[PDB]
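The block underneath contains the structure these notes are about, expressed in structure tokens.
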Amino acid sequence: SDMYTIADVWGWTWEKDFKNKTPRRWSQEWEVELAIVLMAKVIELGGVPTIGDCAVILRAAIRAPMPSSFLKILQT
Amino acid sequence: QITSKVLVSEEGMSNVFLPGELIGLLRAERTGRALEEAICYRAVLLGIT
Amino acid sequence: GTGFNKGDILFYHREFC
Amino acid sequence: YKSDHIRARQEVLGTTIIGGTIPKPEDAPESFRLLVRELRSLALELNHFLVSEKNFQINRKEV
Amino acid sequence: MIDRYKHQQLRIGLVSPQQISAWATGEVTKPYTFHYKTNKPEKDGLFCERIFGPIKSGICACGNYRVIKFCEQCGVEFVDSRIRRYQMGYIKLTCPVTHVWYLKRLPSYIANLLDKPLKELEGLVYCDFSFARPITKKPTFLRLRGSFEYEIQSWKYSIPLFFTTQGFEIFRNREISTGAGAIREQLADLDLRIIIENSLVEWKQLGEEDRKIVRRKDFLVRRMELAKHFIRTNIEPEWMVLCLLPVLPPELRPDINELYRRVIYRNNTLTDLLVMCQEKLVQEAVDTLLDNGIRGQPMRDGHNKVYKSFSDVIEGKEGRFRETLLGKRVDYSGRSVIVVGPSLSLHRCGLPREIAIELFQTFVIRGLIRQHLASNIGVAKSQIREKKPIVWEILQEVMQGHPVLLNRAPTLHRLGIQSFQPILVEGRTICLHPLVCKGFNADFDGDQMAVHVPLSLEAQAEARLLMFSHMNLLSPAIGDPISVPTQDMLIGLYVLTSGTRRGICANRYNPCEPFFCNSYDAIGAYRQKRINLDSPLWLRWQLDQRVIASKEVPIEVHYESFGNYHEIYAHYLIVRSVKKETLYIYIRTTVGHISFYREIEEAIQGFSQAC
Amino acid sequence: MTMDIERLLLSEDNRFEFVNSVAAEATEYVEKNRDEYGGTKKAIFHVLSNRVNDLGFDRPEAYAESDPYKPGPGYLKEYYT
Amino acid sequence: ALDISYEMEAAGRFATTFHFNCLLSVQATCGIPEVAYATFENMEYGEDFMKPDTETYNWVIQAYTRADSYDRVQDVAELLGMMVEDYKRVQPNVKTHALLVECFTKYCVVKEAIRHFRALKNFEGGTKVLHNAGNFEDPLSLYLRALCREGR
RNA sequence: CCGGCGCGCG
Ligand SMILES: [Mg+2]
């Protein structure tokens with residue numbers, strides 16, 4: 001009766017979905033995907049990324065070839 | 001007063017406690033249930049001096 | 001021990017009679 | 001005021017001859033002020049602060 | 001209930017040179033203490049009257065007087081001489097000197113914050129070593145790293161000759177420096193957050209890889225812990241090297257003055273030159289003044305006696321904390337030899353006339369003046385000095401209801417000081433109750449006690465309602481009684497309650513006593529020498545059976561044919577009948593048991609009747 | 001008076017509060033009538049007697065008693081230790 | 001308010017959690033966590049009607065996380081543990097998680113701030129409360145910065 | 001009216 005954590009007494013049922021899981025290996029495809037998603041979501045919120053921000057993400061996609069992402073990053 | 005402290009172990013490093021820090025037993029157990037930030041400690045016996 | 005827990009109307013208005 | 005509170009020793013001598021109640025000293029005795037100056041001689045400052053429980057004003061005690 | 005909150009705090013912190021100036025503002029410049037002839041305070045000296053305040057309150061260094069701001073000629077204030085106990089000064093050191101506590105004590109704070117071995121800093125501060133690249137926030141152009149022990153040959157002649165003198169000295173203290181100035185420059189330009197981050201990353205690198213692999217870790221934990229505390233406080237790490245030296249008020253140093261002279265003796269020598277040796281001599285003068293005995297051999301005086309520093313006078317059993325603050329000598333206190341008084345009450349003590357008249361002197365003065373027998377305070381004191389017969393009536397009157405505190409020397413528990421009601425006794429000794437000797441651990445073979453008088457009403461109430469002996473009959477250690485009869489009283493009780501001789505110790509031959517209506521008859525017969533203290537007798541009992549005896553059946557029952565039967569026990573006789581409900585009891589006892597029982601019973605009944 | 005002091009504390013949850021209240025009442029007594037106390041009448045004894053009397057138990061005022069057998073003025077009783 | 005509460009308890013009506021919370025609403029902004037913690041200690045070790053609730057824990061945590069000097073991360077962590085041990089009688093709200101995210105952000109305990117931000121997400125308003133209308137150095141912006149800096 | 005040294009008492 002003395003074995004309980006902040007998660008199981010405050011109803012944190014989502015806590016067990018972020019633990020005891022093998023982490024995802026970093027890949028340049030994953031990084032550029034996250035970069036595109038983050039840039040879109042920052043734009044949606046009113047935060048305007050700078051010209052330098054777009055150039056860095058673009059060069060990341062050039063490093064590991066991903067032409068399918070070129071068409072959407074440049075127009076944004 | 002002799003048995004009221006624990007010793008933060010040499011590998012438990014965070015922004016809450018530093019390794020080797022002498023903290024109270026009740027404080028250590030309360031932070032244990034609330035954080036999972038390497039709250040690593042072992043009971044230490046202190047002399048009356 | 002003993003130090004614990006920090007140790008005018010109705011006047012000038014009478015009936016004239 | 002039986003050992004070293006200079007101001008309060010002289011008031012106790014006066015009240016007891018008139019029998020008019022002895023109040024609390026409320027100030028620091030000369031032994032504590034003597035310690036503060038010695039700590040000042042080691043480049044250390046020791047200040048006594050009173051925090052009001054009413055309006056949380058910090059009051060610096062004369063020492 | 002809402003607690004009566006009280007939020008009071010005191011904090012120490014390393015002080016700043018600006019705060020030292022604000023203390024003094026007022027600089028002591030000369031090592032002169034007093035004039036050899038006139039014994040007057042030398043101007044600008046350790047006892048200067050302008051710096052610290054007026055001796056002989058309300059007079060100047062010239063001799064003028066005003067009624068209790070600044071003079072014109074000598075510039076001395078017009079205030080009380082109290083200020084000479086509190087007003088500080090300062091010594092403007094030409095070169096910064098490190099604080100000994102933060103360099104030489106182990107582990108060194110300066111060494112850990114700068115992250116260099118202690119021997120390197122000690123060589124830099126004491127020996128003739130120069131440190132390369134002392135600061136970083138200003139650009140350099142040289143590739144000298146570490147602390148080169150040998151002087152650089154090029155830096156001695158070549159560069160100064162090429163770079164001349166003025167501009168060279170302008171940029172001199174940015175690539176090479178020495179002594180405590182270099183340390184202070186290193187401390188001033190430290191970036192504490194960078195220190196924390198570098199320490200953390202080095203700790204992680206060490207961990208990701210076994211004695212000194214751990215000891216280096218503990219240094220890193222210690223350094224980032226040390227670095228964090230500077231960020232959240234208002235302390236500056238460069239305050240560990242002193243630019244000014246605060247000076248103790250003169251009235252607190254009526255040895256210390258000798259050490260203050262040497263600082264001025266060697267600092268004023270150094271400013272005349274403006275050389276490396278004299279800079280070190282000033283630093284050692286401050287170390288001896290602040291803390292002697294840490295540097296191995298401690299500096300002695302001409303008599304080969306070690307000097308006493310501020311650390312010595314604040315620490316130790318005889319220091320300020322453990323001798324002046326945790327215990328004090330008090331007024332209205334006396335002392336004399338204690339003798340036994342067996343006639344005293346448990347709440348009373350006896351005071352000699354001299355001790356009582358000294359302790360209650362102000363109350364006797366009030367008693368004299370109040371009933372118009374003294375015109376003023378001086379006349380009353382003169383009457384007290386003359387031992388007039390009316391002084392003692394007033395003393396005896398004012399001592400009524402005013403308690404005193406007695407105290408034996410080795411106070412091992414709280415019953416070592418108790419409160420009693422004083423009475424005037426003849427002689428020069430303190431009369432003490434015999435039953436309170438065990439609490440004081442006192443015997444009458446030379447012991448003495450101290451007496452204290454509570455003055456305020458709160459203290460008198462505390463003494464009367466908390467410290468009197470009749471409310472402290474139990475010891476706090478285990479709860480056993482402390483005021484139990486011992487020795488002579490115990491022997492008397494044992495003899496009193498030792499009953500009859502029995503068996504072969506009572507009769508020479510094998511046996512093949514008066515009857516008293518009440519205990520008063522037995523005691524009266526004992527007074528008239530009719531019976532002895534331990535001679536057996538039968539006492540008629542008209543209460544319930546309440547005699548402690550062995551739980552045994554009667555020895556012999558004498559049953560009569562008329563119905564009455566007598567039950568004979570070891571210590572009582574009981575007469576019962578079958579026709580009636582009568583029941584008579586006779587107790588076989590002595591006068592001693594009767595006397596003990598009657599003593600306790602009469603004590604209880606008399607205490608009840610008196611209330 | 002010892003019996004009275006024990007009796008007064010049978011109705012007090014905290015004895016330190018009792019001592020503080022007695023001291024405050026004695027201080028009020030002294031402030032209101034300064035000249036009546038310090039001699040044969042003590043303020044704390046007066047407070048104790050009044051608190052006992054407030055229960056309905058008769059007591060002499062401030063437990064002030066003298067010796068009727070003093071042989072005139074000037075004679076002081078010599079205590080027999 | 002303190003004088004009137006003292007007089008109320010002198011008249012025979014003891015203070016409950018309501019009056020103590022009213023008092024704490026002013027003590028939490030004095031810059032000295034010890035006043036609010038003294039009030040909290042008075043509440044916690046008292047009678048049943050004086051026991052702290054979610055608002056009391058929120059006031060004390062806010063007092064500790066917005067202190068003028070010294071580090072208060074250990075104090076906030078122990079208060080959080082005490083609140084957790086009181087789960088049968090107390091439960092958090094949006095302000096609790098906002099204050100905890102702010103505290104664990106300013107002291108760079110990022111993962112705990114992430115946990116409490118996940119908890120805070122389930123409340124409407126949520127990040128708007130954490131933003132604090134831009135006051136107190138905008139804890140929402142600091143949380144975003146802390147997430148960005150560590151590559152989370 | 002300050003500290004050391006020596007001798008004692010409980
Ligand atoms: Mg003896």
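Numbered from 1 within each chain, the chains take letters A, B, ... in sequence-line order.
- Summarising the geometry, the separation between CD1 on E/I256 and P on H/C2 is reported as 15 Å, rounded to the nearest angstrom.
- Counting only N and O atoms by type, the side chains of E/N292 and E/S309 include no donor and acceptor under 3.5 Å apart.
- If you measure from atom CG of E/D301 to atom P of H/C2, you get 20 Å, rounded to the nearest angstrom.
- Regarding E/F444, its CZ atom lies at a distance of 21 Å from the P atom of H/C9, rounded to whole Å.
- Spacing between atom CE of E/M449 and atom P of H/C9 amounts to 21 Å, rounded to whole angstrom units.
- Note on E/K30 versus E/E42: no salt bridge recorded, every NZ/NE/NH1/NH2 to OD/OE distance being 4.0 Å or above.
- Remark: P of H/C2 and NZ of E/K305 are 20 Å apart, rounded to the nearest angstrom.
- Remark: the E/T269 side chain and the E/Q278 side chain contain no N/O donor-acceptor pair separated by less than 3.5 Å.
- Atom CD in E/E251 sits about 15 Å away from atom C1' in H/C2, given to the nearest Å.
- Here the P atom of nucleotide H/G3 and the CZ atom of E/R320 are 9 Å apart, to the nearest Å.
- At whole-Å resolution of the value, CD in E/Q448 and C1' in H/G10 are 8 Å apart.
- For the pair D/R7 and D/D27, the salt-bridge criterion is met [side-chain N within less than 4.0 Å of a carboxylate O].
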